[PDB]
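Written out below as structure tokens is the structure these notes cover.
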Amino acid sequence: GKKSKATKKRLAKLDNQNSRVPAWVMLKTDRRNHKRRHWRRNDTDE
Amino acid sequence: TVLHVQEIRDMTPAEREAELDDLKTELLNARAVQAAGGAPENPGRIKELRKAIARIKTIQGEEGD
Amino acid sequence: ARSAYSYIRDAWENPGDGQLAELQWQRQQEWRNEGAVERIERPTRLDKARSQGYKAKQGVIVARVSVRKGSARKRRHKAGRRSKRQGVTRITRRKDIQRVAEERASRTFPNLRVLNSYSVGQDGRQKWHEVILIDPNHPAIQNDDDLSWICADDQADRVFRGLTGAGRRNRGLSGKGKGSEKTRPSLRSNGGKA
Amino acid sequence: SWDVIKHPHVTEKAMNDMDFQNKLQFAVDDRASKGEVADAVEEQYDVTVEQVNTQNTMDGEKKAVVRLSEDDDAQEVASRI
Amino acid sequence: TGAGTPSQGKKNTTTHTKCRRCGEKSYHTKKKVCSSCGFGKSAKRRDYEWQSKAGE
RNA sequence: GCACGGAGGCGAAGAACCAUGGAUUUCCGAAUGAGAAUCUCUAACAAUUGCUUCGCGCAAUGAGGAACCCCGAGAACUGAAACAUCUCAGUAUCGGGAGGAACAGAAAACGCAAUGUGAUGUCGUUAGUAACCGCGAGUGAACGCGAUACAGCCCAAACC
RNA sequence: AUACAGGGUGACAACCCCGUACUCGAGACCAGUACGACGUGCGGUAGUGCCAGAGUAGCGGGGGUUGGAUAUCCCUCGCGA
RNA sequence: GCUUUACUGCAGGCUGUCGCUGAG
Ligand SMILES: [Cl-]
Ligand SMILES: [Cl-]
Ligand SMILES: [K+]
Ligand SMILES: [Mg+2]
Ligand SMILES: [Mg+2]
Ligand SMILES: [Mg+2]
Ligand SMILES: [Mg+2]
Ligand SMILES: [Mg+2]
Ligand SMILES: [Mg+2]
Ligand SMILES: [Mg+2]
Ligand SMILES: [Mg+2]
Ligand SMILES: [Mg+2]
Ligand SMILES: [Mg+2]
Ligand code: NA
Ligand code: NA
Ligand code: NA
Ligand code: NA
Ligand code: NA
Ligand code: NA
Ligand code: NA
Ligand code: NA
Ligand code: NA
Ligand code: NA
Ligand code: NA
Ligand code: NA
Ligand code: NA
Ligand SMILES: [Sr+2]
Ligand SMILES: [Sr+2]
Ligand SMILES: [Sr+2]
Ligand SMILES: [Sr+2]
Ligand SMILES: [Sr+2]
Ligand SMILES: [Sr+2]
Ligand SMILES: [Sr+2]
Ligand SMILES: [Sr+2]
Ligand SMILES: [Sr+2]
Ligand SMILES: [Sr+2]
């Protein structure tokens, strides 16, 4: 396909969100990115 | 911190602007050092610079420049 | 003595007789060539307009509107219906043509509010009414003792809520006693049976 | 009011462009044009910009590759920040 | 050719996309109409009383 | 900040925090210069109106809101032990529109017929009464009375 | 104790802490209302057929609706003081 | 769901009449 500038911005955001909960958040909260996505298993919008 | 609201108001319009550029630059260089993963940081300032700039910008509008 | 107005009035009691007859015959030819809503400089029935609230002032507008004559333009049922709800030809709508005309006029002039309206005839295929609309935002009107009431917020889009003289009559609110058990204070509050 | 230069983009590939081709790389505002990037850079480090190439990255930002004139030395500029 | 699995392979057309007005992936890029908020069809927001139980 | 980390910083130049007021407030969005899946292209109240200095100069409209409210459009399942009038029901749902509440409202009324009442909502009652109805199943008021709250006015015309 | 409502605090707490009774303060709503004041000027007699809202009141054809039955309300076509 | 000279209706078509609609 061909992505527009906006599409690309949205895709990029999705990539960023798709990361781990920083280790320090674990300690601070004394003990999961519920939105972890996989390119294959999942399907983004648009 | 180091820069207070009183001080800011005591500057002339030309000084606040000169101070504004001086601040923006320090910030830019901080972000540059942060980009290079440099550790000579002092996270507090990077935070303080942003506020100072908002303060000068807030004063500039209050005084009419 | 009789006012000049009484003469316009008396002429319109028999629009099919005298000079008025010839005028209408002439006019309608031009009206049939005009659009659905034509703003006009002066009322055709001055006595009636002044009687209904019209004034020769800034903020007062008059518009003639034509509507197709006849019953409802209803679409026949595509799904199951008991004989009773299959009719299509003799069913008429619940709003009279004068009311349909007031609403079209008010849609054309979104910023104006309908004050009243009256009939100016019809031919075999359409009816014409003139509608008086007021500019609630013009100071000449905000300062008028006889019309400033129409500037209040709750008078906004008054015609679409039946607050017109034609609206109130069509809603069966004329009588104050017998026969108005289901019309007052509103058709809706009475379960829609009036 | 949004500024043009966000920060120096420093990576192995950036260093090469700096040592071998007198080019500096920056993360810039995606609304900035090549010309606005050249001007902004010249007025922040006092140098002459010869060419600017751009790319809207998969990080949602715009990356610019600024080549300086032979009179300026990328390495020295980058080294003063 | 079956209507099931074999016919699912021909599906590579894009129709519904992220909507500019409401944010849902319901903007039909062919009709240029959002099936969720009505964008492209009406200035008012798409809404219906049947989207909830009658007495609620 | 949630959030019980690490590092660092701010606070007696009285921070945090709270109240009130102000500043900033990207893009799409009624979305309004033209276009577009949130971006782009070359000065913009687009569109419909009113006034008009006839120039977008001054203004209005548009869209939102849990339900409530007003004006329009208006089913069927169902009940009648079938079913067509009737019923479900002016209900569900649809179109339009206002407000903080709406609507109604100062009698061409009532008609306990009177030597009587005296704008209008609403509440209790009148009453499942009168009235309707394959006179089947079912549908179903009003005047009055007791309360709540009370408030009456402005035009058109005559004469100027 | 005019405070024995409720909560917190390492277990059953009026007296450990927040509160609670009493008293006091502010904002919002009531309401730009009520009162008050400014102006305006109510009313009565005699005469005068000067004025007082038309497709209306009303009637008929066809529909819908209503408890409205001859006696509901409305739409529509025609006639019409 | 389908059929028809089943029951009852509804569109639609034909036809008369009134309005549009006037003068000799
Ligand atoms: Cl209106
Ligand atoms: Cl009585
Ligand atoms: K039925
Ligand atoms: Mg990665
Ligand atoms: Mg007067
Ligand atoms: Mg490129
Ligand atoms: Mg736009
Ligand atoms: Mg049955
Ligand atoms: Mg009510
Ligand atoms: Mg039976
Ligand atoms: Mg009923
Ligand atoms: Mg009665
Ligand atoms: Mg019925
Ligand atoms: Na995928
Ligand atoms: Na209007
Ligand atoms: Na960044
Ligand atoms: Na804000
Ligand atoms: Na505007
Ligand atoms: Na203009
Ligand atoms: Na049954
Ligand atoms: Na059956
Ligand atoms: Na029946
Ligand atoms: Na009594
Ligand atoms: Na009825
Ligand atoms: Na009739
Ligand atoms: Na079947
Ligand atoms: Sr797959
Ligand atoms: Sr409106
Ligand atoms: Sr990356
Ligand atoms: Sr085949
Ligand atoms: Sr196959
Ligand atoms: Sr395909
Ligand atoms: Sr459209
Ligand atoms: Sr809706
Ligand atoms: Sr009273
Ligand atoms: Sr009168």
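Note: hydrogens, waters and symmetry copies are ignored here, and every other heavy atom, side chains too, is used. Letters A, B, ... are given to chains in the order of the sequence lines, protein chains preceding strands, and every chain is numbered from 1.
Sorted by first and then second residue, the side chain to side chain donor-acceptor pair (under 3.5 Å) pairs with a member in residues 41-52 of chain D read D:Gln51-D:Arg67; sequence neighbours excluded.
More than 12 heavy atoms of other residues, nucleotides or ligands sit less than 6.0 Å from atom CZ of D:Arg80.
Scanning residues 8-29 of chain D against chain A with a 4.5 Å heavy-atom cutoff picks out nothing at all. Residues of residues 4-13 of chain A lying under 4.5 angstrom from chain D, judged on non-hydrogen atoms, are A:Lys5, A:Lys8, A:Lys9, A:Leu11, A:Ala12 by number.
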Side-chain atoms of residues 54-66 of chain D: list all donor-acceptor pairs with protein atoms under 3.5 Å, sequence neighbours left out, distances to 0.1 Å.
from, atom 1, to, atom 2, distance (Å)
D:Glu61, OE1, D:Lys6, NZ, 3.1
D:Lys62, NZ, D:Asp30, O, 3.4
D:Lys62, NZ, D:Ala32, O, 2.8

